[PDB]
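Participant: So I've got this file, coords17.pdb, and it contains PDB, C-alpha atoms and all ligand atoms:
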```pdb
ATOM      1  CA  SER A  42      87.812 106.181  95.552  1.00  0.00           C
ATOM      2  CA  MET A  43      90.678 108.701  95.248  1.00  0.00           C
ATOM      3  CA  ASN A  44      93.783 109.578  97.198  1.00  0.00           C
ATOM      4  CA  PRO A  45      94.698 113.223  97.816  1.00  0.00           C
ATOM      5  CA  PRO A  46      97.834 114.686  96.311  1.00  0.00           C
ATOM      6  CA  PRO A  47     100.785 113.913  98.530  1.00  0.00           C
ATOM      7  CA  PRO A  48     102.328 116.535 100.807  1.00  0.00           C
ATOM      8  CA  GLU A  49     104.648 118.834  98.911  1.00  0.00           C
ATOM      9  CA  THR A  50     108.354 118.141  98.903  1.00  0.00           C
ATOM     10  CA  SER A  51     109.494 121.158  96.892  1.00  0.00           C
ATOM     11  CA  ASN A  52     108.287 124.761  97.034  1.00  0.00           C
ATOM     12  CA  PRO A  53     110.454 127.675  95.914  1.00  0.00           C
ATOM     13  CA  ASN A  54     108.305 129.972  98.055  1.00  0.00           C
ATOM     14  CA  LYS A  55     109.298 128.319 101.254  1.00  0.00           C
ATOM     15  CA  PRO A  56     112.444 129.437 103.071  1.00  0.00           C
ATOM     16  CA  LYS A  57     114.952 126.732 103.701  1.00  0.00           C
ATOM     17  CA  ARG A  58     118.486 126.119 104.789  1.00  0.00           C
ATOM     18  CA  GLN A  59     120.922 123.432 105.779  1.00  0.00           C
ATOM     19  CA  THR A  60     121.752 123.101 109.456  1.00  0.00           C
ATOM     20  CA  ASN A  61     123.906 120.492 111.205  1.00  0.00           C
ATOM     21  CA  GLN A  62     120.773 119.437 113.040  1.00  0.00           C
ATOM     22  CA  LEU A  63     118.932 118.790 109.779  1.00  0.00           C
ATOM     23  CA  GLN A  64     121.921 116.818 108.564  1.00  0.00           C
ATOM     24  CA  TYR A  65     121.638 114.618 111.693  1.00  0.00           C
ATOM     25  CA  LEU A  66     117.931 114.221 111.062  1.00  0.00           C
ATOM     26  CA  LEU A  67     118.758 112.709 107.664  1.00  0.00           C
ATOM     27  CA  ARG A  68     121.911 110.751 108.347  1.00  0.00           C
ATOM     28  CA  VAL A  69     120.957 109.430 111.807  1.00  0.00           C
ATOM     29  CA  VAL A  70     117.273 109.710 112.451  1.00  0.00           C
ATOM     30  CA  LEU A  71     115.676 109.070 109.048  1.00  0.00           C
ATOM     31  CA  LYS A  72     118.199 106.455 108.073  1.00  0.00           C
ATOM     32  CA  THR A  73     117.726 104.521 111.345  1.00  0.00           C
ATOM     33  CA  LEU A  74     113.966 104.455 111.042  1.00  0.00           C
ATOM     34  CA  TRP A  75     113.960 103.779 107.294  1.00  0.00           C
ATOM     35  CA  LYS A  76     115.921 100.488 107.574  1.00  0.00           C
ATOM     36  CA  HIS A  77     113.849  99.145 110.492  1.00  0.00           C
ATOM     37  CA  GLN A  78     111.859  95.988 109.820  1.00  0.00           C
ATOM     38  CA  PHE A  79     108.653  97.865 110.600  1.00  0.00           C
ATOM     39  CA  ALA A  80     109.337 100.899 108.403  1.00  0.00           C
ATOM     40  CA  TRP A  81     107.592  99.734 105.239  1.00  0.00           C
ATOM     41  CA  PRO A  82     104.029 100.994 105.961  1.00  0.00           C
ATOM     42  CA  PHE A  83     105.498 104.438 106.593  1.00  0.00           C
ATOM     43  CA  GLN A  84     107.807 104.705 103.567  1.00  0.00           C
ATOM     44  CA  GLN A  85     105.153 106.307 101.347  1.00  0.00           C
ATOM     45  CA  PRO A  86     101.751 107.991 101.691  1.00  0.00           C
ATOM     46  CA  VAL A  87      98.843 105.813 102.763  1.00  0.00           C
ATOM     47  CA  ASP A  88      97.141 104.508  99.654  1.00  0.00           C
ATOM     48  CA  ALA A  89      93.583 104.609 100.908  1.00  0.00           C
ATOM     49  CA  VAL A  90      92.274 103.329  97.593  1.00  0.00           C
ATOM     50  CA  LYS A  91      94.282 100.125  97.425  1.00  0.00           C
ATOM     51  CA  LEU A  92      94.012  99.554 101.195  1.00  0.00           C
ATOM     52  CA  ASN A  93      90.228 100.138 101.043  1.00  0.00           C
ATOM     53  CA  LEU A  94      90.282 102.795 103.758  1.00  0.00           C
ATOM     54  CA  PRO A  95      87.759 105.324 102.387  1.00  0.00           C
ATOM     55  CA  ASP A  96      87.527 107.142 105.700  1.00  0.00           C
ATOM     56  CA  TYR A  97      91.292 107.563 106.123  1.00  0.00           C
ATOM     57  CA  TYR A  98      91.547 111.041 104.624  1.00  0.00           C
ATOM     58  CA  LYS A  99      88.412 112.133 106.447  1.00  0.00           C
ATOM     59  CA  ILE A 100      89.998 111.337 109.834  1.00  0.00           C
ATOM     60  CA  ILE A 101      93.594 112.201 108.894  1.00  0.00           C
ATOM     61  CA  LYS A 102      93.638 115.765 107.582  1.00  0.00           C
ATOM     62  CA  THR A 103      97.404 116.317 107.892  1.00  0.00           C
ATOM     63  CA  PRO A 104      98.944 113.208 106.318  1.00  0.00           C
ATOM     64  CA  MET A 105     102.643 112.561 106.652  1.00  0.00           C
ATOM     65  CA  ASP A 106     104.971 109.701 105.900  1.00  0.00           C
ATOM     66  CA  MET A 107     108.693 109.003 105.852  1.00  0.00           C
ATOM     67  CA  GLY A 108     108.893 109.002 102.059  1.00  0.00           C
ATOM     68  CA  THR A 109     107.821 112.632 102.169  1.00  0.00           C
ATOM     69  CA  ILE A 110     110.184 113.391 105.033  1.00  0.00           C
ATOM     70  CA  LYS A 111     113.061 111.735 103.221  1.00  0.00           C
ATOM     71  CA  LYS A 112     112.462 113.801 100.101  1.00  0.00           C
ATOM     72  CA  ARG A 113     112.066 116.979 102.172  1.00  0.00           C
ATOM     73  CA  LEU A 114     115.423 116.294 103.849  1.00  0.00           C
ATOM     74  CA  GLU A 115     117.160 115.374 100.587  1.00  0.00           C
ATOM     75  CA  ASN A 116     115.729 118.508  98.972  1.00  0.00           C
ATOM     76  CA  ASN A 117     116.685 120.708 101.930  1.00  0.00           C
ATOM     77  CA  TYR A 118     113.016 121.754 102.250  1.00  0.00           C
ATOM     78  CA  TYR A 119     113.159 122.652 105.946  1.00  0.00           C
ATOM     79  CA  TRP A 120     114.275 125.818 107.708  1.00  0.00           C
ATOM     80  CA  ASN A 121     114.924 124.142 111.050  1.00  0.00           C
ATOM     81  CA  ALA A 122     114.954 120.830 112.899  1.00  0.00           C
ATOM     82  CA  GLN A 123     111.672 121.539 114.622  1.00  0.00           C
ATOM     83  CA  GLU A 124     109.809 121.517 111.315  1.00  0.00           C
ATOM     84  CA  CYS A 125     111.147 118.063 110.517  1.00  0.00           C
ATOM     85  CA  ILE A 126     110.568 116.713 114.050  1.00  0.00           C
ATOM     86  CA  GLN A 127     107.006 117.917 113.735  1.00  0.00           C
ATOM     87  CA  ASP A 128     106.571 115.907 110.539  1.00  0.00           C
ATOM     88  CA  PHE A 129     107.725 112.718 112.323  1.00  0.00           C
ATOM     89  CA  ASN A 130     105.379 113.430 115.191  1.00  0.00           C
ATOM     90  CA  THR A 131     102.501 113.999 112.811  1.00  0.00           C
ATOM     91  CA  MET A 132     103.167 110.712 111.145  1.00  0.00           C
ATOM     92  CA  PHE A 133     103.125 108.772 114.440  1.00  0.00           C
ATOM     93  CA  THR A 134     100.129 110.638 115.783  1.00  0.00           C
ATOM     94  CA  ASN A 135      98.136 110.001 112.609  1.00  0.00           C
ATOM     95  CA  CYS A 136      98.723 106.262 113.008  1.00  0.00           C
ATOM     96  CA  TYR A 137      97.500 106.335 116.598  1.00  0.00           C
ATOM     97  CA  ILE A 138      94.478 108.509 115.725  1.00  0.00           C
ATOM     98  CA  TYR A 139      93.285 106.253 112.909  1.00  0.00           C
ATOM     99  CA  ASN A 140      94.002 102.823 114.350  1.00  0.00           C
ATOM    100  CA  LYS A 141      93.207 100.893 117.576  1.00  0.00           C
ATOM    101  CA  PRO A 142      95.562 100.218 120.524  1.00  0.00           C
ATOM    102  CA  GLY A 143      97.424  96.968 120.057  1.00  0.00           C
ATOM    103  CA  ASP A 144      96.835  96.881 116.314  1.00  0.00           C
ATOM    104  CA  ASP A 145      99.948  95.652 114.474  1.00  0.00           C
ATOM    105  CA  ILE A 146     100.415  98.952 112.769  1.00  0.00           C
ATOM    106  CA  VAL A 147     100.349 100.749 116.157  1.00  0.00           C
ATOM    107  CA  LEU A 148     102.976  98.361 117.520  1.00  0.00           C
ATOM    108  CA  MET A 149     105.067  99.150 114.420  1.00  0.00           C
ATOM    109  CA  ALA A 150     104.700 102.860 114.925  1.00  0.00           C
ATOM    110  CA  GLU A 151     105.646 102.496 118.575  1.00  0.00           C
ATOM    111  CA  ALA A 152     108.840 100.623 117.668  1.00  0.00           C
ATOM    112  CA  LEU A 153     109.843 103.342 115.245  1.00  0.00           C
ATOM    113  CA  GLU A 154     108.900 106.093 117.646  1.00  0.00           C
ATOM    114  CA  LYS A 155     111.060 104.595 120.370  1.00  0.00           C
ATOM    115  CA  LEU A 156     114.075 104.768 118.069  1.00  0.00           C
ATOM    116  CA  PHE A 157     113.101 108.249 116.952  1.00  0.00           C
ATOM    117  CA  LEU A 158     113.053 109.422 120.569  1.00  0.00           C
ATOM    118  CA  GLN A 159     116.390 107.781 121.290  1.00  0.00           C
ATOM    119  CA  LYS A 160     118.001 109.500 118.334  1.00  0.00           C
ATOM    120  CA  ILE A 161     116.474 112.945 118.817  1.00  0.00           C
ATOM    121  CA  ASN A 162     117.608 112.889 122.402  1.00  0.00           C
ATOM    122  CA  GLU A 163     121.124 113.421 120.992  1.00  0.00           C
ATOM    123  CA  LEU A 164     120.310 116.045 118.398  1.00  0.00           C
ATOM    124  CA  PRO A 165     123.510 118.126 118.259  1.00  0.00           C
ATOM    125  CA  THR A 166     123.714 121.717 119.337  1.00  0.00           C
ATOM    126  CA  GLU A 167     123.301 124.016 116.359  1.00  0.00           C
ATOM    127  CA  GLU A 168     126.627 125.127 114.863  1.00  0.00           C
TER     128      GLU A 168
HETATM  129  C1  LIG A 201     100.995 100.047 103.295  1.00  0.00           C
HETATM  130  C2  LIG A 201     100.209 100.192 104.601  1.00  0.00           C
HETATM  131  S1  LIG A 201     100.110 101.809 105.254  1.00  0.00           S
HETATM  132  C3  LIG A 201      99.156 101.121 106.656  1.00  0.00           C
HETATM  133  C4  LIG A 201      99.003  99.812 106.435  1.00  0.00           C
HETATM  134  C5  LIG A 201      99.570  99.319 105.301  1.00  0.00           C
HETATM  135  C6  LIG A 201      99.476  97.842 104.872  1.00  0.00           C
HETATM  136  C7  LIG A 201      98.245  98.986 107.435  1.00  0.00           C
HETATM  137  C8  LIG A 201      99.026  97.852 108.106  1.00  0.00           C
HETATM  138  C9  LIG A 201      98.268  96.768 108.785  1.00  0.00           C
HETATM  139  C10 LIG A 201      98.947  95.754 109.339  1.00  0.00           C
HETATM  140  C11 LIG A 201     100.437  95.725 109.239  1.00  0.00           C
HETATM  141 CL1  LIG A 201     101.322  94.381 109.890  1.00  0.00          CL
HETATM  142  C12 LIG A 201     101.094  96.716 108.668  1.00  0.00           C
HETATM  143  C13 LIG A 201     100.352  97.818 108.055  1.00  0.00           C
HETATM  144  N1  LIG A 201      97.366  99.575 108.402  1.00  0.00           N
HETATM  145  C14 LIG A 201      96.605 100.743 107.921  1.00  0.00           C
HETATM  146  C15 LIG A 201      95.266 100.813 108.632  1.00  0.00           C
HETATM  147  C16 LIG A 201      94.382  99.684 108.113  1.00  0.00           C
HETATM  148  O1  LIG A 201      94.601  99.065 107.112  1.00  0.00           O
HETATM  149  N2  LIG A 201      93.199  99.460 108.916  1.00  0.00           N
HETATM  150  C17 LIG A 201      92.236  98.431 108.598  1.00  0.00           C
HETATM  151  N3  LIG A 201      91.095  98.178 109.326  1.00  0.00           N
HETATM  152  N4  LIG A 201      90.601  96.922 108.849  1.00  0.00           N
HETATM  153  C18 LIG A 201      90.972  96.687 107.604  1.00  0.00           C
HETATM  154  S2  LIG A 201      92.480  97.385 107.195  1.00  0.00           S
HETATM  155  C19 LIG A 201      97.456 101.945 108.216  1.00  0.00           C
HETATM  156  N5  LIG A 201      97.277 102.914 109.072  1.00  0.00           N
HETATM  157  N6  LIG A 201      98.410 103.713 108.999  1.00  0.00           N
HETATM  158  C20 LIG A 201      99.242 103.195 108.158  1.00  0.00           C
HETATM  159  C21 LIG A 201     100.605 103.778 107.830  1.00  0.00           C
HETATM  160  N7  LIG A 201      98.680 102.067 107.607  1.00  0.00           N
END
```
Let me see whether you can do it: turn the structure in this file into structure tokens.
Ligand SMILES: Cc1sc2c(c1C)C(c1ccc(Cl)cc1)=N[C@@H](CC(=O)Nc1nncs1)c1nnc(C)n1-2

Facilitator:
Amino acid sequence: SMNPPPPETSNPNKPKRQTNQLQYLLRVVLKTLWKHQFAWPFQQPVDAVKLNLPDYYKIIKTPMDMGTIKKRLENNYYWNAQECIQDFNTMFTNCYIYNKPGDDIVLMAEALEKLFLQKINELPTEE
């Protein structure tokens, strides 16, 4: 069994910038989700080998996790807030695609997603 390489977190070929919105995504959004009691499954890529999930990376072809997002934000990898919001949405959606309704991990994702929605609702206007 083998895991894929993780999503990239650095690429000199990719345009990037700092924006006040991206700063909020790190300081408010990421930080709020990261400290949550239910964050831990999402703090790093799914280890399909150790979890014995050999079909995971057949079903989930665009993996994403908050460890990757955190590094992307700390590295200023993004051009805009939408790119980062899309990564969060991919992460939640992947969990719902792979798992069953009412599974613990789905309840965890829902708790994080509720906070994510609350925080992104107050994403500042771009400066
Ligand atoms: C470190 C990680 S990452 C992760 C998980 C763990 C431990 C777990 C998980 C399970 C319960 C709780 Cl309380 C918390 C987490 N769920 C897997 C799916 C899975 O294991 N399905 C199975 N089907 N029967 C046998 S195991 C999963 N799906 N997305 C993510 C992200 N995970």

Participant: Neighbours of ligand LIG 201 (chain A) within 9 Å, counting all atoms listed in the file, as a ChimeraX atom specification?

Facilitator: /A:79,81-89,91-94,97,106,132-133,135-137,139-141,144-150

Participant: Please produce a file of the residues just selected, as a compact mmCIF listing (two decimals), keeping the file's coordinate frame, where the atoms kept are C-alpha atoms.

Facilitator:
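Once everything was written out, this is again.txt:
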```txt
# COMPACT_ATOMS: atom_id res chain seq x y z
CA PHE A 79 108.65 97.86 110.60
CA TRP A 81 107.59 99.73 105.24
CA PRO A 82 104.03 100.99 105.96
CA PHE A 83 105.50 104.44 106.59
CA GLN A 84 107.81 104.70 103.57
CA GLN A 85 105.15 106.31 101.35
CA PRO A 86 101.75 107.99 101.69
CA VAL A 87 98.84 105.81 102.76
CA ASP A 88 97.14 104.51 99.65
CA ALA A 89 93.58 104.61 100.91
CA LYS A 91 94.28 100.12 97.42
CA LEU A 92 94.01 99.55 101.20
CA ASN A 93 90.23 100.14 101.04
CA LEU A 94 90.28 102.80 103.76
CA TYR A 97 91.29 107.56 106.12
CA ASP A 106 104.97 109.70 105.90
CA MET A 132 103.17 110.71 111.14
CA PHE A 133 103.12 108.77 114.44
CA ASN A 135 98.14 110.00 112.61
CA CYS A 136 98.72 106.26 113.01
CA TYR A 137 97.50 106.34 116.60
CA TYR A 139 93.28 106.25 112.91
CA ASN A 140 94.00 102.82 114.35
CA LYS A 141 93.21 100.89 117.58
CA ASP A 144 96.84 96.88 116.31
CA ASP A 145 99.95 95.65 114.47
CA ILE A 146 100.42 98.95 112.77
CA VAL A 147 100.35 100.75 116.16
CA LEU A 148 102.98 98.36 117.52
CA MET A 149 105.07 99.15 114.42
CA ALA A 150 104.70 102.86 114.92
```

Participant: Which residues match the PyMOL selection byres (((chain A and resi 155-166) around 12) and not hetatm) in the file above, as number ranges by chain?

Facilitator: A: 60-77, 79-80, 107, 122-123, 125-130, 132-133, 148-154, 167-168

Participant: From the set A:98, A:90, A:118, A:131, which residue has the shortest atom-to-atom contact distance to residue 51 of chain A, counting all atoms listed in the file?

Facilitator: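 Between A:98, A:90, A:118, A:131, the residue approaching residue 51 of chain A most closely is A:118.
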
Participant: In Å to one decimal, how far is atom CA of residue 102 of chain A from atom CA of residue 59 of chain A?

Facilitator: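 Calculated distance between atom CA of residue 59 of chain A and atom CA of residue 102 of chain A is 28.4 Å.
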
Participant: So what do you get for atom CA of residue 121 of chain A versus atom CA of residue 134 of chain A, distance-wise?

Facilitator: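 One can read the atom CA of residue 121 of chain A to atom CA of residue 134 of chain A distance as 20.6 Å.
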
Participant: What do you get, as a ChimeraX atom specification, if you spell out every residue that the PyMOL selection byres (((chain A and resi 53) around 12) and not hetatm) selects here?

Facilitator: /A:49-52,54-57,116-119

Participant: What is the atom CA of residue 104 of chain A-atom CA of residue 45 of chain A distance in Å, reported with one decimal?

Facilitator: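 For atom CA of residue 104 of chain A relative to atom CA of residue 45 of chain A, the distance reads 9.5 Å.
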
Participant: Of the candidates A:96, A:58, A:48, A:42, which one gets nearest to residue 115 of chain A if we count only C-alpha atoms?

Facilitator: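 For residue 115 of chain A, the nearest of the given residues is A:58.
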